[PDB]
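This report concerns only the one structure given below.
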Amino acid sequence: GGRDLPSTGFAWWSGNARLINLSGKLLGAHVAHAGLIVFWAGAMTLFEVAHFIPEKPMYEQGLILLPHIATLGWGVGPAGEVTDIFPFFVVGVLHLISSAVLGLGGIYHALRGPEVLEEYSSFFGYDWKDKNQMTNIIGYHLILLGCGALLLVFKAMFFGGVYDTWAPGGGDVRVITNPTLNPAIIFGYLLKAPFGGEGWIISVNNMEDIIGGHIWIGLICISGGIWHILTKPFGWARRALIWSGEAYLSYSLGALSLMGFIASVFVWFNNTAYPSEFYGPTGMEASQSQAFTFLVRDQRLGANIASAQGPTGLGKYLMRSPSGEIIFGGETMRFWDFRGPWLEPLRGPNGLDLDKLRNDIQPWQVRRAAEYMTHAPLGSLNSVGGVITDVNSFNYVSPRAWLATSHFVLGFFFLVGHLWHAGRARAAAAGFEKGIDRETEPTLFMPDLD
Amino acid sequence: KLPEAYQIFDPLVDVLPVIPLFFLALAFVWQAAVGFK
Amino acid sequence: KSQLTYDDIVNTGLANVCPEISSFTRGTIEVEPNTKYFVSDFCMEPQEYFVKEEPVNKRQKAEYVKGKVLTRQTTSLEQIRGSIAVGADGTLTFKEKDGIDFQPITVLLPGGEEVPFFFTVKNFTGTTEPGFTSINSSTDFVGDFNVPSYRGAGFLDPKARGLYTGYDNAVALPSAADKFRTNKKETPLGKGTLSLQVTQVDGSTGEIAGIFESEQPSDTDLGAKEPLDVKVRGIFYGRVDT
Amino acid sequence: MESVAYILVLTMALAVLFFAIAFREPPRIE
Amino acid sequence: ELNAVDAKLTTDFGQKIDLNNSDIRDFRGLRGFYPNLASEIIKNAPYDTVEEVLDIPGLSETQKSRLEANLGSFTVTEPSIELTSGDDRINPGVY
Amino acid sequence: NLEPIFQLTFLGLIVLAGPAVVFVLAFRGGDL
Amino acid sequence: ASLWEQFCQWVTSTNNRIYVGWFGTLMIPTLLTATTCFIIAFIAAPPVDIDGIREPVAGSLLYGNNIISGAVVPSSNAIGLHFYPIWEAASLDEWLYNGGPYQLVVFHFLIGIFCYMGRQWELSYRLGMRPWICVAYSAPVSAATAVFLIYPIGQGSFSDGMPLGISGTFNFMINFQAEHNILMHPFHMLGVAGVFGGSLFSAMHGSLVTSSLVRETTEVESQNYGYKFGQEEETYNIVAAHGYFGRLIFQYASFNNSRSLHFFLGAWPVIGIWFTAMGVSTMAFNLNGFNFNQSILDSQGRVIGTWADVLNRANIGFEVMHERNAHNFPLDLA
Amino acid sequence: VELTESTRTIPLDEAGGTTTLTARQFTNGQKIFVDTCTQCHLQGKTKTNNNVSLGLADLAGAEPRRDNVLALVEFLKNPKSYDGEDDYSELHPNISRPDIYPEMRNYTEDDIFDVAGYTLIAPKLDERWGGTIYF
Amino acid sequence: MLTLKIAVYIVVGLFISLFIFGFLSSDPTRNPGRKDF
Ligand code: CLA
Ligand code: CLA
Ligand code: CLA
Ligand code: CLA
Ligand code: CLA
Ligand SMILES: CC1=C(/C=C/C(C)=C/C=C/C(C)=C/C=C/C=C(C)/C=C/C=C(C)/C=C/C2=C(C)CCCC2(C)C)C(C)(C)CCC1
Ligand SMILES: CC1=C(/C=C/C(C)=C/C=C/C(C)=C/C=C/C=C(C)/C=C/C=C(C)/C=C/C2=C(C)CCCC2(C)C)C(C)(C)CCC1
Ligand SMILES: CCCCCCCCCCCCO[C@@H]1O[C@H](CO)[C@@H](O[C@H]2O[C@H](CO)[C@@H](O)[C@H](O)[C@H]2O)[C@H](O)[C@H]1O
Ligand SMILES: CCCCCCCCCCCCO[C@@H]1O[C@H](CO)[C@@H](O[C@H]2O[C@H](CO)[C@@H](O)[C@H](O)[C@H]2O)[C@H](O)[C@H]1O
Ligand SMILES: CCCCCCCCCCCCO[C@@H]1O[C@H](CO)[C@@H](O[C@H]2O[C@H](CO)[C@@H](O)[C@H](O)[C@H]2O)[C@H](O)[C@H]1O
Ligand code: OEX
Ligand SMILES: [Ca+2]
Ligand SMILES: [Ca+2]
Ligand SMILES: [Cl-]
Ligand SMILES: [Cl-]
């Protein structure tokens, strides 16, 4: 394998392109990178644990990995309070140790092992143009991916459960016993409009639906893996697609960009898979919590929060949504589709219920609204929390902000990568990725436009 | 905080997450050692 | 709607609709002549809107023009608590107490005029004719209600002039800043007349439903214009506690 | 009537665009 | 011309706490008034004379002594609906 | 604290390691 | 030879005056719909209740606006992120009052510009060109997506999207500075580097080429006539340009490779706009610019102001006056 | 100037007494403030209820007055309304209720004393302390 | 409004289907270069 520009045609800054047809060294690069990923998981988790203050809420400490563990129902109890730090520590250590095994394997394959696996094995040797084998690899991975989804299912059903923020009697780890197998609900979720009030799959709001989804996902992924191992690409797909390593990279880049945008939206809007007791309030929650907090204060001062018109003529604390639902007043009117386990007790069939808002408020609801309102996912780049005009004494940026901003940026740059590699794969398949041939420049044989 | 038996290697834990950045920089260091061929 | 959840009515415009007495009966809520009956969840659904055009002539009839609501399904008063008080002479008194008893509504009149108004039943006291011993089809509460200003005293116009806030002059024109009568905002308290004609009574559950006709002034824009006369027709529903 | 002036200048701009595209000097290889 | 709240400010409403128009934050200055006693006073308004702020149903000994010790901080003007409508006496939009 | 000293010491070790590996591989004619 | 094949050949034809392509079969209807609705709205649309407090804003020329002040007003805050097509309104006048033209125009525009990017790739493919002009075009596409889609999504309302007008754009920027301190965000700083440098390099390259043109004309004619469309030979001496520029600064700060130079010219503003697009896109989730308010304290603990504090005073001034009637609670949470 | 002895001299009781926080105690009180109270008491405000702020006039107008160290320490043990009427233990952070306020459960009496002292000294270092939410 | 909704849905579905069936119809072969693939 050439490791210079004269032997490969690729400069040092495009050096990893020299691995396109070196399957052994490419496999080494891949396993060592996987090692990097697992290393970060373990090391960052151990950092978060060493920096963790167990009594202080998770979203106040710059944590993004321990919230993921706690949502899975490890190390936490009711309302997300930490019972034991050891499960987080164990998760970190196991990732950190496995990272070394993957690093070794990667450095081995990248440096010492065969540069090309074609000779060595028919099983591991692949040619980019060999559609049957590339679909075999798709299939083996689809079966492991579906197995991982079923691993989530098993943890939620048979191995202690997962954190259900919607649990009766307060949020807590719950064992899911009736996951939603009904394909109408599960796939209906896929068919919901990605706009306010519906939210496509972002609006999944119960662990039963999430778990039933992962049973379907595991089943569909395992079936698709078996299909791809026992089949070959059909004619229409053989004709509409580019069959090359860079092409497959560009396809995966498009998929990754889509998933990055989706993850950004998920963490920003959904509080079921991302519980607010770990991730802090969504911005919709913080706005509604502000409206609620001053609803309670003013009501306790004796105001009629129902019949109090604001300076504009709309109700100061309560109004109607454009479809008539009773909602919180003020600019929060935009977040009237927000659902939260501390709010939903005060909602009637018509929306917010006056009888409930006048008699059934609880101190935990007021405390929760105060906490969520003061932890609005608003903050500066140097982590000065609250609105940008505030002074420097509050060190807080929401984990939702960090995760959403990061994955939007990564999704966008991966869309750019998709375009880069998809256009390059197309041009290289067609044979003009290196520039225009002077003798057969196509425009010289095309008629003038005018 | 880390469990009490591990509070010794706490300064090591604080400097672990950064290492992949050092991997990205080490790619450049090795290229410079080979003269960016 | 009695068995519908929030997730079943949301986004469907069924939250702005008045409940309806199902059991089609012509019942009668019996009344002792010297007692008080609480009204729990009073709802008024406006269905028709009429604005009195002001012809340029002074002897032509004004006439009421229908309008189209520019705002959406945000036109309903609901969850209103009232009382029915019985005079010694059989008079029934409706006394709305609180609730979501106002909704700002904007209607468009033919020819492009936007007329917002403060649709309300605030402090309504309606009385029937003396001599009632039951709440039946003949009950018709007629009375006055208060119509507060459409814009609050905290409201700021586009040049930041307001009543207890904002400038008291036209700051964009320093030399002519005290020329404009609109520099003085007022929020005078208007009056409406409402009639509640009760048409269906369900004595087994104390429910009353009917039709209403309201008459009230429109928004004046902190006194920037004379208010138009708005006529609102629609249906209402209530439950009487016995 | 200032509305007429604004629409007229905008229309002149758009019509210039149309003519510049539909009737441009044809680029020729010489 | 002056609008009605500005004209109100020309009267005694601009000098002392007005039992019929001043919002609940203006009672913060009297020790032990905000929020409960100020709430009860604003709830039982209007008042025809300052003295009859002592005749609010359900008042206890502590609140009566507290009101009598501060009678001279109180004035009574006609209720202006520009300060009362919409529960402005509890929340005029000032934080 | 001796902690700022320990953190900087570990960080210096980790920083030197990679360049040291490249330096050893270059000095000893390794497969760089 | 089939009719579908004939249609495919026409669509992908490189002899059409304007290339259509498959991406064009989407670009043309969407952009035409957006242009028609935009022109009609900008001229004639009635006022829009942007802030959802029943305070309609006049955006159209016929309602008193000039070209500078006119805009298509974003849809009502009461709508939030709800999908609001024409067939969800009980009348076109309700649709207009709530800012439906904004949703129609922006959605069709967004689709149209993504299709324009795809179309650029498509024509490059049909012409046998290299494929990355669309990558450069993805920078303005990203910025437009940030202001029309991502920022509204993060803030929770299409009412927070950039208005389709000049003064509406300034309002958006001012409000954005007041709530996010975009001036003190490093990604905006890279965007300013991108645009200042893009203009700097455009001027530099243009001036160096123009300075180094090969003599081909007489002094009575435009020097541009010294170039013939389609000529084999280079029209300026890059060697002379490099000699001048490498003496203006130093030899190693000057490009001798036109390919390397034209790459740099493309990459610098494109990267800078990608950063600024991502900056706007991340402040959509309220990850704002740097906050240095009261960062410097003296020994007693008194605040020593810096220029950032004065900037913060300007921001507070903007913030307390914006949407003067829309806030009922003390904190502007969105 | 430096953080003088007169700057850290604050009323201990209403009976006229004064105490001086040490620089260590002022720093500690500031640290607890920044770590536990700024989410709501940024720059002496109160985001959830700015009718009751941490300004000197406001602290002095409470019942009993809260412009001395001991009253503040008591308030953080057993919080009440602005008039001393209603129980606020389940509504305001305090050390008496570690079940609902776990963040405060490790703050000792010295720590609460320090944060009360800081709360009393901060208004002397900033004119905008205890102002309007936007100011 | 229902008539308009159905019209818009028909038009959009036709254009989207035209896009999909176009890029499915051997689009890689429609180029001036190698067209075997
Ligand atoms: C995820 C990051 C990553 C990975 C896994 C790889 C992997 C690879 N690169 Mg790429 N590369 C990268 C980033 C990466 N690269 C970047 C960022 C650049 C730009 C600077 C390049 C530029 C580049 C060029 C120019 C070339 C490669 C080549 C290669 C391949 C041969 C490597 C070789 O012979 O180097 C030899 C290097 C050494 C012997 C130096 C030591 C390297 C080891 C791995 C250090 C490991 C230290 C680690 C801490 C040990 C832990 C041990 C234990 C704990 C497990 C290899 C598969 C070459 C190729 O394509 O081959 C055909 C090639 O020519 N790369
Ligand atoms: C998905 C990725 C992700 C996310 C969301 C977070 C989020 C967070 N981390 Mg983590 N972290 C990550 C990856 C991530 N991190 C990685 C990869 C490392 C290894 C270096 C770390 C190491 C780390 C440490 C050691 C610490 C954190 C901390 C934090 C918190 C504060 C962050 C802060 O102040 O940033 C400041 C913001 C910046 C430095 C901005 C970075 C700007 C980047 C470089 C721009 C690049 C964009 C783009 C891709 C450029 C491409 C250009 C080209 C394509 C054109 C926050 C919860 C802190 C914390 O609170 O811990 C408890 C902390 O101490 N993180
Ligand atoms: C994606 C990962 C991957 C892939 C595809 C391969 C593939 C290959 N390796 Mg490599 N290798 C890897 C990772 C990988 N390796 C890692 C991480 C290490 C470090 C331990 C090594 C170390 C290594 C050495 C030292 C050698 C190979 C060799 C080989 C070849 C023959 C393997 C064999 O014996 O047949 C099939 C082997 C088995 C069926 C038994 C092994 C299966 C594993 C150990 C158990 C299941 C994996 C895991 C524990 C369960 C799931 C993983 C989890 C993350 C979900 C083949 C090309 C050999 C070679 O080059 O021959 C010429 C050789 O000498 N590999
Ligand atoms: C990572 C997973 C993965 C990957 C890479 C592939 C890859 C492939 N599959 Mg396989 N497949 C998978 C999972 C996967 N599959 C699973 C899990 C199943 C089980 C359901 C199947 C079942 C399956 C069948 C039954 C077939 C394939 C076929 C194919 C080939 C062409 C498909 C194609 O053109 O797609 C592109 C998709 C289209 C051209 C369809 C047009 C759809 C329009 C454009 C709407 C698209 C939606 C919109 C753009 C995105 C909205 C976003 C949101 C929904 C996420 C290709 C090799 C085909 C083949 O040749 O078989 C061997 C085939 O017939 N797959
Ligand atoms: C899994 C995803 C993936 C994979 C496997 C590849 C793989 C490849 N790409 Mg692609 N690429 C991707 C994503 C991906 N890319 C994305 C997302 C983009 C958009 C930004 C691109 C844009 C891109 C271009 C423009 C080019 C490639 C090229 C290549 C080839 C050579 C790459 C190389 O040697 O880099 C060497 C690595 C470096 C020089 C290091 C880059 C350093 C960057 C600037 C740092 C990024 C910020 C980082 C997070 C650090 C921030 C911290 C900071 C404070 C220090 C190789 C086949 C080249 C090609 O076409 O070859 C055929 C090529 O010219 N890629
Ligand atoms: C190929 C290549 C590359 C790459 C590489 C890589 C990517 C690698 C990886 C690797 C890796 C990925 C590594 C890993 C490792 C790790 C380790 C070595 C581990 C360790 C561990 C430990 C030791 C632990 C301990 C502990 C415990 C147990 C508990 C807690 C505490 C502590 C932490 C102490 C580059 C770019 C350079 C270029 C050239 C070529
Ligand atoms: C788990 C879960 C769940 C579930 C989910 C699911 C069930 C899933 C599914 C999903 C899916 C089901 C997916 C899909 C996808 C799609 C796509 C992504 C596609 C694409 C396509 C393409 C890419 C194409 C292309 C093309 C065209 C356009 C035409 C021609 C040419 C070509 C071929 C190129 C739920 C939500 C319940 C809950 C939560 C959890
Ligand atoms: C005190 C000032 C600080 C100076 C800053 C130093 C920065 C310079 C380092 C950047 C590049 C380092 O890596 C650089 O790559 C070149 C490629 O030409 C390598 O390659 C070089 O190898 C040998 C020397 O060993 C040279 O004869 C050959 O001409 C060249 O190819 C060198 O090993 C090194 O010069
Ligand atoms: C195909 C190309 C042609 C484009 C389509 C043409 C349809 C657009 C209709 C507008 C044409 C002018 O027609 C009419 O103009 C007046 C002048 O402002 C508008 O009038 C509107 O504004 C004026 C003043 O701002 C108000 O006094 C009036 O009450 C209001 O309705 C009417 O609403 C509109 O119906
Ligand atoms: C050619 C490519 C594919 C094109 C095929 C698409 C054809 C269009 C079919 C769907 C369009 C009409 O779809 C139909 O619209 C009406 C809107 O009036 C919806 O009606 C919905 O809202 C209306 C009023 O807003 C309510 O009275 C009704 O209760 C509710 O269901 C129906 O739920 C939907 O089934
Ligand atoms: O809409 Mn447009 O500007 Ca976004 O922050 Mn909240 O909301 Mn309203 O206030 Mn500031
Ligand atoms: Ca540490
Ligand atoms: Ca806290
Ligand atoms: Cl504004
Ligand atoms: Cl508000």
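The chains in the structure tokens are called A, B, ... from first to last as shown; in each chain the residues are counted from 1, and the ligands are counted from 1 in the order shown.
Residues of chain E that DSSP, applied to the backbone, places in alpha helix (DSSP H): residues 4, 5, 6, 7, 8, 9, 10, 36, 37, 38, 39, 40, 41, 42, 43, 44, 61, 62, 63, 64, 65, 66, 67, 68, 81, 82, 83 and 84 of chain E.
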Please return as JSON, numbers by chain the residues found within 6 Å of ligand 1, counting only C-alpha atoms and all ligand atoms.
{"A": [1, 2, 3, 4, 12, 13, 15, 16, 18, 19, 25, 26, 28, 29, 32, 33, 100, 103, 104, 107, 110, 111], "B": [24, 27, 28, 30, 31], "F": [18, 22, 31, 32]}
Please produce a file of the residues just selected, as a short mmCIF file (atom, residue, chain, number, x, y, z; two decimals), in the first residue's frame, where the atoms kept are C-alpha atoms.
```
data_model
loop_
_atom_site.label_atom_id
_atom_site.label_comp_id
_atom_site.auth_asym_id
_atom_site.auth_seq_id
_atom_site.Cartn_x
_atom_site.Cartn_y
_atom_site.Cartn_z
CA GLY A 1 0.00 0.00 0.00
CA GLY A 2 1.40 3.37 -1.13
CA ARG A 3 1.89 5.90 1.71
CA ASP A 4 2.91 8.91 -0.44
CA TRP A 12 -1.20 13.88 2.96
CA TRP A 13 -4.40 15.81 3.84
CA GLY A 15 -4.25 10.32 3.17
CA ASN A 16 -7.05 8.15 4.52
CA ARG A 18 -5.24 5.81 0.30
CA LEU A 19 -7.04 3.10 2.33
CA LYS A 25 -5.61 -1.47 6.89
CA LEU A 26 -9.08 0.05 6.46
CA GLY A 28 -7.65 -1.48 11.29
CA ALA A 29 -8.53 2.21 10.96
CA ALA A 32 -9.05 1.75 16.20
CA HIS A 33 -11.66 4.51 15.70
CA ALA A 100 -7.73 -0.93 24.89
CA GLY A 103 -7.11 0.01 20.12
CA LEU A 104 -4.76 -3.03 20.05
CA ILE A 107 -3.18 -0.83 15.57
CA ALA A 110 -3.63 -0.97 10.59
CA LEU A 111 0.04 -1.64 11.04
CA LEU B 24 -5.91 13.84 16.15
CA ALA B 27 -1.76 12.14 13.21
CA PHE B 28 -0.20 15.48 12.24
CA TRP B 30 3.53 11.53 12.53
CA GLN B 31 2.92 13.13 9.13
CA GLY F 18 2.68 9.94 21.53
CA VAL F 22 6.91 8.65 16.89
CA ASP F 31 7.65 1.63 9.81
CA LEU F 32 6.52 5.23 10.12
#
```
Find the residues near ligand 4. Use a cut-off of 6 Å, count only C-alpha atoms and all ligand atoms, and write them as an NGL selection string.
:A and (220-221 or 223-224 or 228 or 231-234 or 237)
Selection to disk with N, CA and C atoms, as a short mmCIF file (atom, residue, chain, number, x, y, z; two decimals), in the first residue's frame:
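Just written: selection15.cif:
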```
data_model
loop_
_atom_site.label_atom_id
_atom_site.label_comp_id
_atom_site.auth_asym_id
_atom_site.auth_seq_id
_atom_site.Cartn_x
_atom_site.Cartn_y
_atom_site.Cartn_z
N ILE A 220 -37.62 -5.85 12.83
CA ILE A 220 -37.44 -5.43 11.44
C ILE A 220 -35.97 -5.46 11.06
N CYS A 221 -35.08 -5.05 11.96
CA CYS A 221 -33.65 -5.04 11.67
C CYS A 221 -33.09 -6.44 11.53
N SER A 223 -34.88 -9.11 10.61
CA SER A 223 -35.43 -9.61 9.35
C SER A 223 -34.70 -9.03 8.15
N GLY A 224 -34.42 -7.73 8.17
CA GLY A 224 -33.71 -7.10 7.08
C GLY A 224 -32.29 -7.61 6.95
N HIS A 228 -30.89 -9.45 3.68
CA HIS A 228 -29.73 -8.93 2.92
C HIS A 228 -28.66 -10.00 2.79
N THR A 231 -30.19 -12.51 0.01
CA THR A 231 -30.53 -11.91 -1.27
C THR A 231 -29.34 -11.15 -1.86
N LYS A 232 -29.56 -10.62 -3.06
CA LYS A 232 -28.67 -9.73 -3.79
C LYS A 232 -29.47 -8.51 -4.23
N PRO A 233 -28.81 -7.37 -4.41
CA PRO A 233 -29.54 -6.18 -4.86
C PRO A 233 -30.25 -6.45 -6.18
N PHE A 234 -31.48 -5.96 -6.27
CA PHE A 234 -32.31 -6.16 -7.45
C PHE A 234 -31.91 -5.18 -8.55
N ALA A 237 -32.39 -1.17 -8.15
CA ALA A 237 -31.37 -0.64 -7.25
C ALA A 237 -29.98 -0.75 -7.86
#
```
Excluding stretch 53-62 of chain E and any residue of its chain fewer than 4 positions from it, enumerate the residues within 9 Å of it, using only C-alpha atoms, and give them as a list in words.
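The residues that qualify are residues 19, 37, 40, 41, 44, 45, 47, 49, 66, 67, 68 and 71 of chain E.
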Within 7 Å of stretch 195-206 of chain A, counting only C-alpha atoms, which residues show up once you throw out same-chain ones fewer than 5 positions away? Write them as a list in words, please.
residues 189, 190, 266, 270, 272 and 337 of chain A; 80, 81, 82 and 83 of chain G
Take the selection from the previous step and output its residues with C-alpha atoms, as an mmCIF file, in the first residue's frame.
```cif
data_model
loop_
_atom_site.group_PDB
_atom_site.id
_atom_site.type_symbol
_atom_site.label_atom_id
_atom_site.label_comp_id
_atom_site.auth_asym_id
_atom_site.auth_seq_id
_atom_site.Cartn_x
_atom_site.Cartn_y
_atom_site.Cartn_z
ATOM 1 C CA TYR A 189 -45.923 7.668 15.117
ATOM 2 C CA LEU A 190 -43.912 7.564 11.882
ATOM 3 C CA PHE A 266 -35.362 14.769 20.292
ATOM 4 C CA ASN A 270 -38.975 15.312 24.250
ATOM 5 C CA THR A 272 -39.894 11.087 28.009
ATOM 6 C CA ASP A 337 -48.538 21.633 23.197
ATOM 7 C CA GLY G 80 -46.151 28.606 17.205
ATOM 8 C CA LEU G 81 -44.687 25.749 15.163
ATOM 9 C CA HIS G 82 -48.065 24.449 13.995
ATOM 10 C CA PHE G 83 -48.432 23.769 10.283
#
```
